[PDB]
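Source file: model-v3.cif; contents: mmCIF, N, CA and C atoms.
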```cif
data_coords
#
loop_
_atom_site.label_atom_id
_atom_site.label_comp_id
_atom_site.auth_asym_id
_atom_site.auth_seq_id
_atom_site.Cartn_x
_atom_site.Cartn_y
_atom_site.Cartn_z
N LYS A 273 131.23 108.42 86.46
CA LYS A 273 130.98 107.39 85.39
C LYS A 273 131.75 107.79 84.14
N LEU A 274 132.29 106.80 83.40
CA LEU A 274 133.17 107.12 82.28
C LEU A 274 132.43 107.40 80.99
N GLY A 275 131.26 106.79 80.84
CA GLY A 275 130.47 106.88 79.64
C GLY A 275 130.22 105.54 79.00
N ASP A 276 129.55 105.61 77.85
CA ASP A 276 129.03 104.47 77.14
C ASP A 276 129.32 104.61 75.67
N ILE A 277 129.55 103.47 75.00
CA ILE A 277 129.85 103.45 73.56
C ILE A 277 128.93 102.46 72.85
N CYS A 278 128.38 102.86 71.70
CA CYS A 278 127.50 102.02 70.91
C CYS A 278 128.21 101.74 69.59
N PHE A 279 128.36 100.44 69.27
CA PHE A 279 128.98 100.02 68.04
C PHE A 279 128.31 98.76 67.55
N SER A 280 128.44 98.54 66.23
CA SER A 280 127.92 97.30 65.63
C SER A 280 129.09 96.39 65.32
N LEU A 281 128.74 95.10 65.25
CA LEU A 281 129.66 94.05 64.87
C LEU A 281 128.97 93.25 63.77
N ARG A 282 129.78 92.78 62.82
CA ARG A 282 129.30 91.89 61.74
C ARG A 282 130.45 90.98 61.38
N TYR A 283 130.17 89.70 61.18
CA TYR A 283 131.20 88.75 60.75
C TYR A 283 130.68 87.91 59.58
N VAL A 284 131.51 87.84 58.56
CA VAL A 284 131.22 87.05 57.36
C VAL A 284 132.25 85.93 57.29
N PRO A 285 131.89 84.70 57.71
CA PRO A 285 132.89 83.63 57.81
C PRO A 285 133.58 83.26 56.48
N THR A 286 132.85 83.21 55.36
CA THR A 286 133.50 82.78 54.12
C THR A 286 134.68 83.68 53.73
N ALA A 287 134.42 85.00 53.74
CA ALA A 287 135.42 86.02 53.41
C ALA A 287 136.37 86.32 54.56
N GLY A 288 135.96 85.98 55.78
CA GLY A 288 136.66 86.38 56.99
C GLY A 288 136.58 87.87 57.33
N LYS A 289 135.49 88.52 56.93
CA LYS A 289 135.39 89.96 57.10
C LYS A 289 134.69 90.29 58.42
N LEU A 290 135.43 90.97 59.30
CA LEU A 290 134.93 91.46 60.59
C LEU A 290 134.76 92.98 60.49
N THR A 291 133.51 93.45 60.62
CA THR A 291 133.22 94.89 60.49
C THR A 291 132.76 95.42 61.83
N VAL A 292 133.34 96.57 62.21
CA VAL A 292 132.99 97.26 63.42
C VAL A 292 132.55 98.67 62.98
N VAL A 293 131.31 99.05 63.32
CA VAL A 293 130.86 100.41 63.05
C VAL A 293 130.73 101.15 64.38
N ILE A 294 131.54 102.20 64.53
CA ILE A 294 131.44 103.05 65.72
C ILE A 294 130.29 104.03 65.49
N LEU A 295 129.22 103.87 66.26
CA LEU A 295 128.01 104.64 66.07
C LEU A 295 128.00 105.96 66.85
N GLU A 296 128.12 105.86 68.18
CA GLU A 296 127.93 106.99 69.08
C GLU A 296 128.57 106.69 70.45
N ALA A 297 128.94 107.74 71.21
CA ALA A 297 129.24 107.58 72.63
C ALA A 297 128.38 108.58 73.35
N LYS A 298 128.11 108.31 74.63
CA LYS A 298 127.31 109.20 75.46
C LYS A 298 127.84 109.25 76.87
N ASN A 299 127.50 110.35 77.55
CA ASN A 299 127.76 110.50 78.97
C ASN A 299 129.23 110.40 79.27
N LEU A 300 130.07 110.88 78.35
CA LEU A 300 131.51 110.78 78.54
C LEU A 300 131.97 111.61 79.72
N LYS A 301 132.94 111.07 80.46
CA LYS A 301 133.62 111.86 81.49
C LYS A 301 134.41 113.03 80.82
N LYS A 302 134.37 114.22 81.44
CA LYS A 302 135.14 115.40 80.99
C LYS A 302 136.60 115.27 81.45
N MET A 303 137.57 115.21 80.53
CA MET A 303 138.96 114.87 80.90
C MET A 303 139.78 116.07 81.30
N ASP A 304 139.45 117.20 80.68
CA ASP A 304 140.05 118.46 81.00
C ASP A 304 138.97 119.40 81.54
N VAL A 305 138.81 119.42 82.88
CA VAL A 305 137.81 120.25 83.53
C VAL A 305 138.17 121.71 83.27
N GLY A 306 137.18 122.47 82.79
CA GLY A 306 137.39 123.83 82.35
C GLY A 306 138.07 123.96 81.00
N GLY A 307 138.28 122.84 80.31
CA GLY A 307 138.79 122.84 78.96
C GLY A 307 137.65 122.34 78.09
N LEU A 308 137.99 121.73 76.95
CA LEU A 308 137.00 121.16 76.04
C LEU A 308 137.26 119.69 75.86
N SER A 309 136.17 118.96 75.60
CA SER A 309 136.22 117.51 75.39
C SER A 309 136.12 117.24 73.90
N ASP A 310 137.16 116.62 73.34
CA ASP A 310 137.30 116.41 71.91
C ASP A 310 137.53 114.91 71.66
N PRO A 311 136.47 114.09 71.76
CA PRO A 311 136.64 112.63 71.76
C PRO A 311 136.87 112.01 70.38
N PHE A 312 137.68 110.95 70.36
CA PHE A 312 137.78 110.06 69.21
C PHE A 312 137.89 108.65 69.77
N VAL A 313 137.74 107.67 68.86
CA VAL A 313 137.67 106.27 69.19
C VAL A 313 138.73 105.49 68.45
N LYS A 314 139.48 104.68 69.19
CA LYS A 314 140.40 103.70 68.60
C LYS A 314 139.76 102.33 68.60
N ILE A 315 140.06 101.58 67.54
CA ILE A 315 139.61 100.20 67.39
C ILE A 315 140.83 99.34 67.07
N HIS A 316 141.18 98.45 68.01
CA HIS A 316 142.35 97.60 67.86
C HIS A 316 141.95 96.15 67.82
N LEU A 317 142.55 95.42 66.87
CA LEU A 317 142.43 93.99 66.78
C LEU A 317 143.63 93.41 67.51
N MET A 318 143.35 92.51 68.47
CA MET A 318 144.38 91.93 69.33
C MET A 318 144.32 90.41 69.33
N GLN A 319 145.47 89.80 69.61
CA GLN A 319 145.54 88.41 69.95
C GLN A 319 146.77 88.22 70.84
N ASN A 320 146.58 87.52 71.97
CA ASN A 320 147.68 87.11 72.82
C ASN A 320 148.50 88.32 73.32
N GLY A 321 147.82 89.45 73.57
CA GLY A 321 148.45 90.63 74.11
C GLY A 321 149.10 91.55 73.12
N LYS A 322 149.01 91.20 71.84
CA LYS A 322 149.64 91.92 70.77
C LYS A 322 148.56 92.65 69.97
N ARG A 323 148.81 93.93 69.67
CA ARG A 323 147.99 94.72 68.72
C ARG A 323 148.36 94.24 67.32
N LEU A 324 147.40 93.67 66.60
CA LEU A 324 147.61 93.20 65.25
C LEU A 324 147.34 94.31 64.23
N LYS A 325 146.29 95.09 64.48
CA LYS A 325 145.82 96.16 63.58
C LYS A 325 145.21 97.26 64.42
N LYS A 326 145.44 98.51 64.02
CA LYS A 326 144.96 99.69 64.74
C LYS A 326 144.22 100.61 63.75
N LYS A 327 143.02 101.04 64.13
CA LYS A 327 142.22 101.99 63.36
C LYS A 327 141.67 103.02 64.33
N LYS A 328 141.24 104.18 63.81
CA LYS A 328 140.66 105.21 64.63
C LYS A 328 139.70 106.07 63.86
N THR A 329 138.75 106.65 64.59
CA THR A 329 137.78 107.57 64.05
C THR A 329 138.35 108.95 63.93
N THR A 330 137.58 109.81 63.27
CA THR A 330 137.77 111.24 63.29
C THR A 330 137.54 111.73 64.72
N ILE A 331 137.94 112.98 64.94
CA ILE A 331 137.82 113.63 66.23
C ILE A 331 136.62 114.57 66.18
N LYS A 332 135.78 114.48 67.21
CA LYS A 332 134.67 115.40 67.39
C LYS A 332 135.03 116.47 68.41
N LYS A 333 134.55 117.69 68.21
CA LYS A 333 134.96 118.83 69.00
C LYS A 333 133.88 119.20 70.01
N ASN A 334 134.32 119.46 71.25
CA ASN A 334 133.50 120.05 72.29
C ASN A 334 132.16 119.29 72.50
N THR A 335 132.28 118.00 72.84
CA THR A 335 131.12 117.17 73.08
C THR A 335 131.44 116.02 74.03
N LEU A 336 130.44 115.68 74.85
CA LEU A 336 130.45 114.49 75.68
C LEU A 336 129.54 113.40 75.08
N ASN A 337 128.92 113.69 73.92
CA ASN A 337 127.93 112.82 73.30
C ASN A 337 128.17 112.77 71.80
N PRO A 338 129.37 112.34 71.37
CA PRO A 338 129.72 112.36 69.95
C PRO A 338 128.98 111.29 69.14
N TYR A 339 128.60 111.65 67.92
CA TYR A 339 128.16 110.67 66.89
C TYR A 339 129.25 110.58 65.83
N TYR A 340 129.51 109.34 65.42
CA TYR A 340 130.58 109.03 64.43
C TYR A 340 129.98 108.40 63.16
N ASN A 341 129.31 107.26 63.31
CA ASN A 341 128.88 106.45 62.17
C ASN A 341 130.05 106.22 61.21
N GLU A 342 131.13 105.60 61.72
CA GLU A 342 132.33 105.33 60.95
C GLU A 342 132.58 103.85 61.02
N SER A 343 132.77 103.24 59.85
CA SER A 343 132.94 101.81 59.70
C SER A 343 134.38 101.42 59.44
N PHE A 344 134.76 100.27 60.01
CA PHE A 344 136.11 99.75 59.92
C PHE A 344 136.00 98.24 59.69
N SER A 345 136.88 97.68 58.86
CA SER A 345 136.88 96.24 58.66
C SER A 345 138.25 95.66 58.85
N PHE A 346 138.23 94.42 59.35
CA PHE A 346 139.42 93.62 59.58
C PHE A 346 139.26 92.28 58.86
N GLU A 347 140.39 91.68 58.50
CA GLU A 347 140.41 90.36 57.91
C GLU A 347 140.79 89.35 58.99
N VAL A 348 139.83 88.51 59.37
CA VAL A 348 140.05 87.50 60.39
C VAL A 348 139.46 86.20 59.85
N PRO A 349 140.30 85.21 59.47
CA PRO A 349 139.78 83.98 58.89
C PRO A 349 138.94 83.21 59.91
N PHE A 350 137.98 82.40 59.46
CA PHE A 350 136.99 81.74 60.35
C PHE A 350 137.64 80.83 61.39
N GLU A 351 138.83 80.30 61.09
CA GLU A 351 139.55 79.42 62.05
C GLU A 351 140.19 80.23 63.19
N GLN A 352 140.16 81.56 63.09
CA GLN A 352 140.80 82.42 64.12
C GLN A 352 139.83 83.36 64.82
N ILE A 353 138.61 83.46 64.33
CA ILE A 353 137.69 84.51 64.83
C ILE A 353 137.35 84.32 66.29
N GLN A 354 137.41 83.08 66.79
CA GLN A 354 137.10 82.85 68.21
C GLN A 354 138.27 83.11 69.14
N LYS A 355 139.42 83.54 68.60
CA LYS A 355 140.68 83.71 69.40
C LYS A 355 141.23 85.15 69.37
N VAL A 356 140.41 86.08 68.78
CA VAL A 356 140.80 87.48 68.73
C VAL A 356 139.94 88.32 69.66
N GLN A 357 140.45 89.52 69.91
CA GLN A 357 139.74 90.57 70.62
C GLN A 357 139.64 91.80 69.76
N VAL A 358 138.51 92.49 69.90
CA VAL A 358 138.38 93.83 69.36
C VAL A 358 138.26 94.77 70.57
N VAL A 359 139.19 95.72 70.61
CA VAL A 359 139.32 96.64 71.74
C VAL A 359 138.89 98.05 71.24
N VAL A 360 137.92 98.64 71.93
CA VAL A 360 137.35 99.92 71.55
C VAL A 360 137.66 100.89 72.72
N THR A 361 138.39 101.97 72.41
CA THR A 361 138.82 102.96 73.41
C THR A 361 138.30 104.33 72.98
N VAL A 362 137.72 105.07 73.92
CA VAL A 362 137.41 106.46 73.71
C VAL A 362 138.44 107.32 74.42
N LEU A 363 139.02 108.28 73.70
CA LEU A 363 140.06 109.16 74.20
C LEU A 363 139.68 110.61 73.94
N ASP A 364 140.21 111.50 74.78
CA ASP A 364 140.15 112.93 74.57
C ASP A 364 141.40 113.35 73.81
N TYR A 365 141.19 113.95 72.64
CA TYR A 365 142.28 114.49 71.80
C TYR A 365 142.81 115.83 72.31
N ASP A 366 144.13 115.91 72.40
CA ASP A 366 144.82 117.13 72.62
C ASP A 366 145.90 117.28 71.58
N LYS A 367 146.06 118.49 71.04
CA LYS A 367 147.05 118.72 70.00
C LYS A 367 148.46 118.61 70.56
N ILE A 368 148.61 118.90 71.86
CA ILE A 368 149.87 118.74 72.56
C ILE A 368 149.68 117.80 73.73
N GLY A 369 150.55 116.80 73.81
CA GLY A 369 150.53 115.86 74.90
C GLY A 369 149.78 114.61 74.54
N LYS A 370 150.14 113.52 75.22
CA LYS A 370 149.49 112.24 75.06
C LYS A 370 147.99 112.40 75.23
N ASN A 371 147.20 111.75 74.37
CA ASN A 371 145.75 111.81 74.51
C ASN A 371 145.32 110.93 75.69
N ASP A 372 144.46 111.46 76.56
CA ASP A 372 143.99 110.75 77.76
C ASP A 372 142.83 109.82 77.39
N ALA A 373 142.95 108.53 77.68
CA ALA A 373 141.84 107.60 77.53
C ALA A 373 140.78 107.95 78.55
N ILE A 374 139.53 107.97 78.09
CA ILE A 374 138.38 108.10 78.93
C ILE A 374 138.05 106.73 79.51
N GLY A 375 137.89 105.75 78.62
CA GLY A 375 137.67 104.36 79.02
C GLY A 375 137.61 103.49 77.80
N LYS A 376 137.44 102.19 78.03
CA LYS A 376 137.52 101.21 76.96
C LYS A 376 136.76 99.98 77.30
N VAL A 377 136.58 99.13 76.28
CA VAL A 377 135.96 97.84 76.42
C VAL A 377 136.59 96.92 75.36
N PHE A 378 136.50 95.60 75.59
CA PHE A 378 136.81 94.65 74.52
C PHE A 378 135.78 93.58 74.43
N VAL A 379 135.65 93.08 73.19
CA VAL A 379 134.79 91.96 72.88
C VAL A 379 135.66 90.87 72.24
N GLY A 380 135.20 89.63 72.34
CA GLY A 380 135.86 88.49 71.77
C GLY A 380 136.39 87.56 72.81
N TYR A 381 137.52 86.94 72.46
CA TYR A 381 138.15 85.91 73.32
C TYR A 381 138.46 86.48 74.71
N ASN A 382 137.98 85.80 75.75
CA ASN A 382 138.13 86.17 77.15
C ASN A 382 137.23 87.29 77.61
N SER A 383 136.35 87.77 76.73
CA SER A 383 135.35 88.77 77.13
C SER A 383 134.26 88.17 78.00
N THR A 384 133.53 89.06 78.70
CA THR A 384 132.54 88.63 79.68
C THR A 384 131.28 89.49 79.55
N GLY A 385 130.20 89.06 80.20
CA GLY A 385 129.03 89.89 80.40
C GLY A 385 128.48 90.32 79.06
N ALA A 386 128.13 91.60 78.99
CA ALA A 386 127.52 92.15 77.83
C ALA A 386 128.47 92.15 76.64
N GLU A 387 129.78 92.16 76.91
CA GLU A 387 130.78 92.17 75.85
C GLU A 387 130.83 90.80 75.18
N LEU A 388 130.86 89.73 75.97
CA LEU A 388 130.74 88.37 75.44
C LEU A 388 129.42 88.15 74.72
N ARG A 389 128.31 88.67 75.25
CA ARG A 389 126.97 88.50 74.64
C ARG A 389 126.97 89.10 73.22
N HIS A 390 127.57 90.27 73.06
CA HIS A 390 127.58 90.95 71.78
C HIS A 390 128.37 90.13 70.80
N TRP A 391 129.54 89.65 71.23
CA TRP A 391 130.38 88.81 70.35
C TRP A 391 129.71 87.49 69.96
N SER A 392 129.08 86.84 70.93
CA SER A 392 128.41 85.59 70.71
C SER A 392 127.28 85.81 69.69
N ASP A 393 126.57 86.94 69.80
CA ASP A 393 125.44 87.24 68.92
C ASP A 393 125.94 87.39 67.48
N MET A 394 127.07 88.07 67.32
CA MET A 394 127.74 88.24 66.05
C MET A 394 128.07 86.89 65.42
N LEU A 395 128.71 86.02 66.20
CA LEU A 395 129.14 84.69 65.71
C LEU A 395 127.99 83.78 65.32
N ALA A 396 126.88 83.89 66.04
CA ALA A 396 125.76 83.03 65.87
C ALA A 396 124.92 83.45 64.65
N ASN A 397 125.17 84.68 64.16
CA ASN A 397 124.40 85.28 63.10
C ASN A 397 125.28 85.79 61.97
N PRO A 398 125.89 84.88 61.18
CA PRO A 398 126.77 85.28 60.09
C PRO A 398 126.09 86.30 59.18
N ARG A 399 126.84 87.34 58.83
CA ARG A 399 126.50 88.45 57.90
C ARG A 399 125.57 89.49 58.53
N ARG A 400 125.01 89.22 59.71
CA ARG A 400 124.03 90.12 60.36
C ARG A 400 124.76 91.18 61.16
N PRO A 401 124.55 92.49 60.93
CA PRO A 401 125.13 93.50 61.82
C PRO A 401 124.29 93.60 63.10
N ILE A 402 124.98 93.63 64.25
CA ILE A 402 124.39 93.65 65.56
C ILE A 402 124.95 94.86 66.30
N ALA A 403 124.06 95.79 66.66
CA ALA A 403 124.47 97.00 67.40
C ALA A 403 124.15 96.78 68.88
N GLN A 404 125.07 97.22 69.74
CA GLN A 404 124.86 97.16 71.18
C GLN A 404 125.65 98.27 71.89
N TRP A 405 125.05 98.75 72.99
CA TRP A 405 125.72 99.61 73.94
C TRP A 405 126.65 98.81 74.87
N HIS A 406 127.75 99.46 75.25
CA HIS A 406 128.70 98.97 76.21
C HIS A 406 129.12 100.09 77.15
N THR A 407 129.25 99.74 78.43
CA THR A 407 129.78 100.63 79.45
C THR A 407 131.29 100.71 79.36
N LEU A 408 131.85 101.92 79.25
CA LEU A 408 133.30 102.08 79.23
C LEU A 408 133.86 101.77 80.62
N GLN A 409 135.04 101.14 80.63
CA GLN A 409 135.74 100.72 81.84
C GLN A 409 137.13 101.33 81.87
N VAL A 410 137.65 101.56 83.09
CA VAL A 410 138.97 102.12 83.23
C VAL A 410 140.05 101.29 82.51
N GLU A 411 140.97 101.97 81.83
CA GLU A 411 141.98 101.30 81.03
C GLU A 411 142.87 100.39 81.85
N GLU A 412 143.16 100.79 83.09
CA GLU A 412 143.98 99.96 83.95
C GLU A 412 143.45 98.51 84.03
N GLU A 413 142.14 98.38 84.20
CA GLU A 413 141.48 97.09 84.33
C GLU A 413 141.40 96.33 83.03
N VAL A 414 141.00 97.01 81.97
CA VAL A 414 140.87 96.36 80.69
C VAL A 414 142.23 95.88 80.18
N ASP A 415 143.25 96.71 80.31
CA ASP A 415 144.56 96.41 79.84
C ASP A 415 145.10 95.18 80.60
N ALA A 416 144.80 95.08 81.91
CA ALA A 416 145.26 93.93 82.69
C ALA A 416 144.66 92.61 82.14
N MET A 417 143.40 92.66 81.69
CA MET A 417 142.75 91.50 81.11
C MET A 417 143.29 91.16 79.73
N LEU A 418 143.75 92.15 78.98
CA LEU A 418 144.26 91.95 77.62
C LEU A 418 145.73 91.52 77.55
N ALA A 419 146.51 91.79 78.60
CA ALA A 419 147.96 91.57 78.57
C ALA A 419 148.35 90.08 78.52
N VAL A 420 149.56 89.82 78.00
CA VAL A 420 150.24 88.51 77.96
C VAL A 420 149.77 87.71 76.76
#
```
Translate the structure of the given file into structure tokens.
Amino acid sequence: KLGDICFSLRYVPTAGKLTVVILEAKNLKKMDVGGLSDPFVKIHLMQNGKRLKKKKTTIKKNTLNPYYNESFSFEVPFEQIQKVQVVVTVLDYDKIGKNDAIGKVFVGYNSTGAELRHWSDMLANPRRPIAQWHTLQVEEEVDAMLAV
């Protein structure tokens, strides 16, 4: 199992402010067996297969159950909020070499299941922060859904 990520979503239609708070991850897969797990989280705003904005958390050391409580905001006008994706990836940091993704999820346009539910809850409740757990999924699959 890859692990789970808990984050909040909040949308303020007048200002167009989309806030994502990365709260915690748990049960993360160990990427370097016999090494250490040093997770951080990327948050990407996407539309039509393109990364519009990229943000990331600090790195936590030697943990499969990191707490972050780090907030990020994006500007998404109300006429566009139903056509974007927010992509949340947990990766293992290495000082040398490409960082290995553990897994990822996206919410927003074309999302499904619990990911769509979280987004829908956000939209239906302007200004209200809504926290939810999500199961991390293999990047190969998520990326295929996000492409084009």
Got a sec: who's within 7 Å of residue 348 (chain A), counting only C-alpha atoms, leaving out chain neighbours fewer than 6 positions off, as a short mmCIF file (atom, residue, chain, number, x, y, z; two decimals) with N, CA and C atoms, in the frame of the given file?
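around_11.cif written:
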```cif
data_model
loop_
_atom_site.label_atom_id
_atom_site.label_comp_id
_atom_site.auth_asym_id
_atom_site.auth_seq_id
_atom_site.Cartn_x
_atom_site.Cartn_y
_atom_site.Cartn_z
N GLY A 288 135.96 85.98 55.78
CA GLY A 288 136.66 86.38 56.99
C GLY A 288 136.58 87.87 57.33
N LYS A 289 135.49 88.52 56.93
CA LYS A 289 135.39 89.96 57.10
C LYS A 289 134.69 90.29 58.42
N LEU A 290 135.43 90.97 59.30
CA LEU A 290 134.93 91.46 60.59
C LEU A 290 134.76 92.98 60.49
#
```
Skip region 276-278 of chain A itself and residues of its chain fewer than 2 positions away, then list as a PDB file with N, CA and C atoms, in the coordinates of the input all residues within 6 Å of it, counting only N, CA and C atoms.
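Below is the file result-v3.pdb, written as the result:
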```pdb
ATOM      1  N   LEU A 274     132.290 106.800  83.400  1.00  0.00           N
ATOM      2  CA  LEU A 274     133.170 107.120  82.280  1.00  0.00           C
ATOM      3  C   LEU A 274     132.430 107.400  80.990  1.00  0.00           C
ATOM      4  N   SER A 280     128.440  98.540  66.230  1.00  0.00           N
ATOM      5  CA  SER A 280     127.920  97.300  65.630  1.00  0.00           C
ATOM      6  C   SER A 280     129.090  96.390  65.320  1.00  0.00           C
ATOM      7  N   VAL A 293     131.310  99.050  63.320  1.00  0.00           N
ATOM      8  CA  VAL A 293     130.860 100.410  63.050  1.00  0.00           C
ATOM      9  C   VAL A 293     130.730 101.150  64.380  1.00  0.00           C
ATOM     10  N   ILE A 294     131.540 102.200  64.530  1.00  0.00           N
ATOM     11  CA  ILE A 294     131.440 103.050  65.720  1.00  0.00           C
ATOM     12  C   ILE A 294     130.290 104.030  65.490  1.00  0.00           C
ATOM     13  N   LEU A 295     129.220 103.870  66.260  1.00  0.00           N
ATOM     14  CA  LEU A 295     128.010 104.640  66.070  1.00  0.00           C
ATOM     15  C   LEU A 295     128.000 105.960  66.850  1.00  0.00           C
ATOM     16  N   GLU A 296     128.120 105.860  68.180  1.00  0.00           N
ATOM     17  CA  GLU A 296     127.930 106.990  69.080  1.00  0.00           C
ATOM     18  C   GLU A 296     128.570 106.690  70.450  1.00  0.00           C
ATOM     19  N   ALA A 297     128.940 107.740  71.210  1.00  0.00           N
ATOM     20  CA  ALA A 297     129.240 107.580  72.630  1.00  0.00           C
ATOM     21  C   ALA A 297     128.380 108.580  73.350  1.00  0.00           C
ATOM     22  N   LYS A 298     128.110 108.310  74.630  1.00  0.00           N
ATOM     23  CA  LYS A 298     127.310 109.200  75.460  1.00  0.00           C
ATOM     24  C   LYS A 298     127.840 109.250  76.870  1.00  0.00           C
ATOM     25  N   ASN A 299     127.500 110.350  77.550  1.00  0.00           N
ATOM     26  CA  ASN A 299     127.760 110.500  78.970  1.00  0.00           C
ATOM     27  C   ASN A 299     129.230 110.400  79.270  1.00  0.00           C
ATOM     28  N   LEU A 300     130.070 110.880  78.350  1.00  0.00           N
ATOM     29  CA  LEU A 300     131.510 110.780  78.540  1.00  0.00           C
ATOM     30  C   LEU A 300     131.970 111.610  79.720  1.00  0.00           C
ATOM     31  N   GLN A 404     125.070  97.220  69.740  1.00  0.00           N
ATOM     32  CA  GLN A 404     124.860  97.160  71.180  1.00  0.00           C
ATOM     33  C   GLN A 404     125.650  98.270  71.890  1.00  0.00           C
ATOM     34  N   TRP A 405     125.050  98.750  72.990  1.00  0.00           N
ATOM     35  CA  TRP A 405     125.720  99.610  73.940  1.00  0.00           C
ATOM     36  C   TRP A 405     126.650  98.810  74.870  1.00  0.00           C
ATOM     37  N   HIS A 406     127.750  99.460  75.250  1.00  0.00           N
ATOM     38  CA  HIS A 406     128.700  98.970  76.210  1.00  0.00           C
ATOM     39  C   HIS A 406     129.120 100.090  77.150  1.00  0.00           C
ATOM     40  N   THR A 407     129.250  99.740  78.430  1.00  0.00           N
ATOM     41  CA  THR A 407     129.780 100.630  79.450  1.00  0.00           C
ATOM     42  C   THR A 407     131.290 100.710  79.360  1.00  0.00           C
ATOM     43  N   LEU A 408     131.850 101.920  79.250  1.00  0.00           N
ATOM     44  CA  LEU A 408     133.300 102.080  79.230  1.00  0.00           C
ATOM     45  C   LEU A 408     133.860 101.770  80.620  1.00  0.00           C
TER      46      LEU A 408
END
```
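Excluding residue 391 (chain A) and any residue on its chain fewer than 5 positions from it, the residues at most 8 Å away by all atoms listed in the file are residues 281, 379, 380, 381, 385, 386, 396 and 397 of chain A.
Nearest residue to residue 333 (chain A) among A:309, A:383, A:352, A:291 is A:309, counting only C-alpha atoms.
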* **Expected selection from the PyMOL selection byres ((chain A and resi 361) around 5), given as an NGL selection string** => :A and (313-314 or 359-360 or 362-363 or 375-376)
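With CA of residue 343 (chain A) on one side and CA of residue 315 (chain A) on the other, the separation reads 10.3 Å.
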Place N, CA, C and O atoms on region 374-387 of chain A and deliver the coordinates as a compact mmCIF listing (two decimals), in the frame of the given file.
```
# COMPACT_ATOMS: atom_id res chain seq x y z
N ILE A 374 139.53 107.97 78.09
CA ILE A 374 138.38 108.10 78.93
C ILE A 374 138.05 106.73 79.51
O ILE A 374 138.00 106.54 80.69
N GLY A 375 137.89 105.75 78.62
CA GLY A 375 137.67 104.36 79.02
C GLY A 375 137.61 103.49 77.80
O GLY A 375 137.73 103.96 76.69
N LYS A 376 137.44 102.19 78.03
CA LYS A 376 137.52 101.21 76.96
C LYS A 376 136.76 99.98 77.30
O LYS A 376 136.37 99.74 78.45
N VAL A 377 136.58 99.13 76.28
CA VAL A 377 135.96 97.84 76.42
C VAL A 377 136.59 96.92 75.36
O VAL A 377 137.17 97.39 74.41
N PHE A 378 136.50 95.60 75.59
CA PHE A 378 136.81 94.65 74.52
C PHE A 378 135.78 93.58 74.43
O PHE A 378 135.09 93.23 75.37
N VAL A 379 135.65 93.08 73.19
CA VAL A 379 134.79 91.96 72.88
C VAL A 379 135.66 90.87 72.24
O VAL A 379 136.70 91.16 71.71
N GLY A 380 135.20 89.63 72.34
CA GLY A 380 135.86 88.49 71.77
C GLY A 380 136.39 87.56 72.81
O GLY A 380 135.78 87.31 73.86
N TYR A 381 137.52 86.94 72.46
CA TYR A 381 138.15 85.91 73.32
C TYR A 381 138.46 86.48 74.71
O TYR A 381 139.08 87.54 74.80
N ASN A 382 137.98 85.80 75.75
CA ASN A 382 138.13 86.17 77.15
C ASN A 382 137.23 87.29 77.61
O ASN A 382 137.36 87.79 78.71
N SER A 383 136.35 87.77 76.73
CA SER A 383 135.35 88.77 77.13
C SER A 383 134.26 88.17 78.00
O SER A 383 134.06 86.94 78.06
N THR A 384 133.53 89.06 78.70
CA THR A 384 132.54 88.63 79.68
C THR A 384 131.28 89.49 79.55
O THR A 384 131.29 90.53 78.92
N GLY A 385 130.20 89.06 80.20
CA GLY A 385 129.03 89.89 80.40
C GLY A 385 128.48 90.32 79.06
O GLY A 385 128.38 89.53 78.12
N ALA A 386 128.13 91.60 78.99
CA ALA A 386 127.52 92.15 77.83
C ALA A 386 128.47 92.15 76.64
O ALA A 386 128.05 92.20 75.48
N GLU A 387 129.78 92.16 76.91
CA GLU A 387 130.78 92.17 75.85
C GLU A 387 130.83 90.80 75.18
O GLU A 387 130.78 90.67 73.94
```
